[PDB]
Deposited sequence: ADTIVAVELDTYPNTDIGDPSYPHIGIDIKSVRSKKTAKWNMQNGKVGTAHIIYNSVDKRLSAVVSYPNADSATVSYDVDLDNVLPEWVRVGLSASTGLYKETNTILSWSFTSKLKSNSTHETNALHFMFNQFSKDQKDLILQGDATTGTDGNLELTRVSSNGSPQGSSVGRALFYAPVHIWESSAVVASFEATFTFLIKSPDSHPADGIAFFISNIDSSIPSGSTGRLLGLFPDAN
């Protein structure tokens, strides 16, 4: 399979596969069964912000998700990603729907990698164009609509569709850990708009790191958030 390290924004509780009984941010290592979660006060129709953090010193992958004039949700997890991910990886955003639906609109996406042995990579998207050549769009992902990236399908009228799954990956491979490295670090930021006219919103957005050749697994709509082929 693909090797997956993700930060999940789960909006629908799949209690069948260990999700808590409420919308959660979670830190996912190689399994949709998060290794740590937190209660997340999802605001239907409000534009939200996600900062994900890791360095080689603290070896702690942390994330904050937050809305204007509101409290935040934090989740952290201690993991050596040098023992999990290959040296070279791709970084990406994923999203899915199932029986229930939501828009998976990405307005902004920023990512920075540093290796003091210094080597560096930084990209920032605030507008998305119709032909975004430095993005690998997989599944139902689309660019150009209001200058935003729409990871799952949404009607001309605006109505989000169900049983949808799509991903954006940055075109260039990233060196996220080096053999002879003193410090390695990455920051990742994105703003999003999950809006659902149906009061049961599903299924969620995730930042992920994966092997370079990563592709949407067979039937990864819904509970699998476009990352995992099974709920193991």
(request) Counting from 1 along the deposited sequence, give me every gap where there's no C-alpha, start to finish. (result) 118 to 122
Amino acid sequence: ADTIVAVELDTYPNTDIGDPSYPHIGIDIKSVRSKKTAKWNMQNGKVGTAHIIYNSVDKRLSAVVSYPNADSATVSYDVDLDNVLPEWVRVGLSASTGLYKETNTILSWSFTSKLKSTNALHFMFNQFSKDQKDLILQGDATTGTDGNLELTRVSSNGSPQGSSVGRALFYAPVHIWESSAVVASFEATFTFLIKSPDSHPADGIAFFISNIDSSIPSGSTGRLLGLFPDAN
From here on, numbers count along this sequence of modelled residues.
(message) Regarding 120 to 128 and 83 to 91, which shows the higher C-alpha temperature factor on average in the entry?
(response) 83 to 91
(request) Give the stretch, out of 16 to 24 and 206 to 214, with the larger mean C-alpha temperature factor in the deposited entry. (result) 16 to 24
(request) Choose from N41, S164, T49, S62 the residue with the greatest Cα B-factor as stated in the PDB record. (result) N41
(request) Check where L137 lands among this chain's C-alpha B-factors and tell me if it's the lowest, middle or highest third. (result) lowest
(request) Name the third of the chain's ranked CA B-factors that contains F170, choosing lowest, middle or highest. (result) lowest
(request) Just say lowest, middle or highest third for the CA B-factor of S199 relative to the other modelled residues in its chain. (result) highest
(message) What third of the chain does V5 rank in for C-alpha temperature factor, lowest, middle or highest?
(response) middle
(request) Taking the values exactly as deposited, rank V57 by C-alpha B-factor within its chain and report the matching third: lowest, middle or highest. (result) middle
